[PDB]
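Heads up, the chain shows up twice below as structure tokens, two forms, tagged structure 1 and structure 2.
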Structure 1
């Protein structure tokens, strides 16, 4: 049916979607699926030199807190997969400058504190969503950006990465490659402790299967037999964990059949800013819920039209659209003059270097030296969160 778009050569985001496939939900809302389970997102921050063994229920004989926290982070990463990768309508392609904010109050857990979700569409050509999720009370901070490049056989490339900070401890996370939805290739979790987790996805075997191995260092990752732990199963189901070679003492690691302890708190439409997602797409979302294809086309075209004419006003003024909470930094070796450049002790560079991960705009998970890494004129612009920009915020509230 719609497959008649296969003849097109290039990024599908250049095309336009027929109303009958549209979801009333914008892609900027999918940012929440990085911390959908508040307790798992915060767990690592509760593990310390004095309680790691009692917190590592999967292995009360864990060697160190660094390792106990890696296990919690691994469990957390697994939990984000289902809600993110589990007819089905296509989410709306966000407009440039589109915001989505919310918060998990965690009322039944005063020790959790408030966790804030900030999400912004920092690019429309091509579509790129930046995001941040932070819990000041426990010093857990997450930031990253996402980009989906669909091309035509239907290919789907994943770009970007996510960085998690548990106090003074850092974790680099790279999204998994995929295909129409099943995951493939590898995801990486590189900690500032030297610890590395390599998640290998496979389909066909059972659906949504994966193997996750934890290594003491990136040198050990070369040989799977060196793995300290081995986790296996379905990320949409259950998975087992084996320490070293103790195949006899296999354990349940994570059970994806999990109920969210809390839903994301979003303020009512009346209080929302014209830039906030649900407020801006209000009419379209309504038409979609209604089933009126012509109303969907009308309301949507008028939003895209306003956006288009808005760009024309900027182009004819020499000025451009100012991103709100995220700034684009240049990680290339020959930065353009006047470009934003990374700090001295930049976390990304440090962790990427340990993983030997490419810092270019190659598909997520690309290692230094791969075919994609050595591609001509490849840039290295990465969106970064600026906590100050949110602190200085005057209009948007939670």
Structure 2
């Protein structure tokens, strides 16, 4: 049918009624074919680096060229600050990819495929037009199905820029049909010997009643550096304080201590993350410069091998039949192909439970950061980067919503675990079957 008839269709009405009895698992919703996306959530990890030049820029900034590299502030006080500005620009650049990609390729936000345990998604940005960049690799793996958790790493060996992180969400519907989404997890970016800890923001999906969903960010995101510098990004927009669609305000401070006083901000960046934003230094409101304009530089999609060469666990290969059925809009075929894959997985899980076997994660392992960790679990090293950055930010190390600070209600939750997925580069180095 035409999108104009989605909202009043029997299919959408039945979907909205299934929401009324939402059991907590989005996979139990009767989402009609027209609102389904043929893309699995394991693919979303690629949204962290669709602007290769911005991802790598911090590695090119040094003591001898930092002022010359900093266009937004040729008077930047230090290379560390120049790099924080670059990392902030990169983070902002990821937002359009993360939260707007489906609206552009599918017509609206849609329900993504719920990955199966063990699903993989790999590719690379060859950066052919820039030999100084080198190849940047993406490894994404579904480390959990119940609940869904995607772990990932994006790395550029040539310039020593590596990123790793994981993501999980907890979603619920309000009485007005707003889908509230709390993200869990975090991402760490290492630029040579300098590190940055990034926390994703909470968000909500609106437009469900009218059958034209879209993401609206809220809350805050943090970027804590090993240099002490901290960037606090606040999201607002329509229906909220600002009233401006996809708006944000980011402030950079000398340290988390100073972030308690907005007047201490070294820079203030404001605008729309899906559009243009300006930057003001200190408090010189008078003078401002363009910080980032999302419309000027198109996202660069990574290179993925042809389907004919993909391994059975690779996302697109595994979901091929379902993706095809979704593109056709065939109600019965979608149910048939999806059930086929998910039932095979059920059988696998039942065999594992009864046979005393556990699925072994491929390139990531779950580290227990608890004071009293599971006896067989891997534990963090003394010089663990997350521990040091979380300490600097006064961030909770528990499995609380992303960005939860020590002392917050979510951190004082009784018997909350502290398990975090970590990339194990050695496992990729000794990978003997998967290739790029």
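Take the two forms, find the largest set of C-alpha atoms that superpose within 1.5 Å, and that set is the rigid core. Numbering follows the first chain given and starts at 1.
The residue among 262, 304, 114, 283 whose Cα moves by 2 angstroms or more between structures 1 and 2, once the core is superposed, is 262. After superposing the rigid core, the C-alpha of residue 379 moves by less than 2 Å between structures 1 and 2.
Core-aligned CA deviation for residue 12 between structures 1 and 2: 2 Å or greater.
After superposing on the rigid core, the C-alpha of residue 70 is displaced by 0.2 Å between structures 1 and 2. Comparing between structures 1 and 2 on a rigid core frame, one finds that residue 21 has its C-alpha moved by 2.5 Å.
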